[PDB]
Ligand SMILES: Cc1cc2c(cc1N)n(C)c(=O)n2C
Ligand SMILES: [Cl-]
Ligand SMILES: [Cl-]
Ligand SMILES: [Cl-]
Ligand SMILES: [Cl-]
């Protein structure tokens with residue numbers, strides 16, 4: 006229905022706003038673009054589902070997220086990919102894991118404060134009726 010399309014459009018607007026606030030945070034610069042296969046050639050072989058914030062924006066626009074849960078799955082993937090690919094005790098690895106966890110925590114905290122639970126519930130029920 007048109008009421009339902011308005012609901013998903015409002016969701017996309019909200020998700021673009023959250024994603025932009027993540028993307029402009031200096032700590033998360035490393036997560037803003039896909040990992041370049043020329044800087045890191047074995048990445049695409051080790052990490053099976055690469056994800057980054059520019060891809061998240063593309064997916065919003067492709068209407069791939071019908072709920073905030075779908076969205077957080079990809080935020081979580083950004084974080085878990087970083088933990089998996091950089092597991093070592095060295096400070097370069099520890100810095101990116103700390104940033105990855107911060108990205109994840111920050112996104113969840115924005116959503117906890119700013120997403121109305123009834124709005125999410127409506128998105129889920131429309132999505133389940135399809
Ligand atoms: C150069 C670079 C390396 C990365 C990276 C981003 C960049 N830009 N990420 C997200 C990652 O896990 N690694 C090892
Ligand atoms: Cl840096
Ligand atoms: Cl997909
Ligand atoms: Cl640790
Ligand atoms: Cl909202």
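In this note's numbering, the protein residues as written are 6 to 135. We put the beta carbon where it would ideally sit given N, CA and C, even for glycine.
Exercise. For residue 33 versus residue 57, is the C-beta spacing smaller than 7 Å?
Worked result: no
Problem set entry | Terminal residues of the alpha helix (DSSP H) in which residue 7 lies | 7-28
For this session: Count the C-beta pairs between the segment 103-117 and the segment 76-89 that are closer than 8 Å, then say yes if the count reaches three, no if not.
Result: yes
Exercise. Within 6 Å: the Cβ of residue 120 and any heavy atom of ligand 5?
Worked result: yes
Problem set entry | Stretch-stretch touch, CB-based, cutoff 8 Å, three pairs: the segment 109-125 with the segment 59-79 | yes
Problem set entry | Cα-Cα separation, residue 22 to residue 65 | 11 Å
For this session: Give the straight-line distance between the Cα atoms of residue 48 and residue 131, rounded to the nearest whole angstrom.
Result: 37 Å
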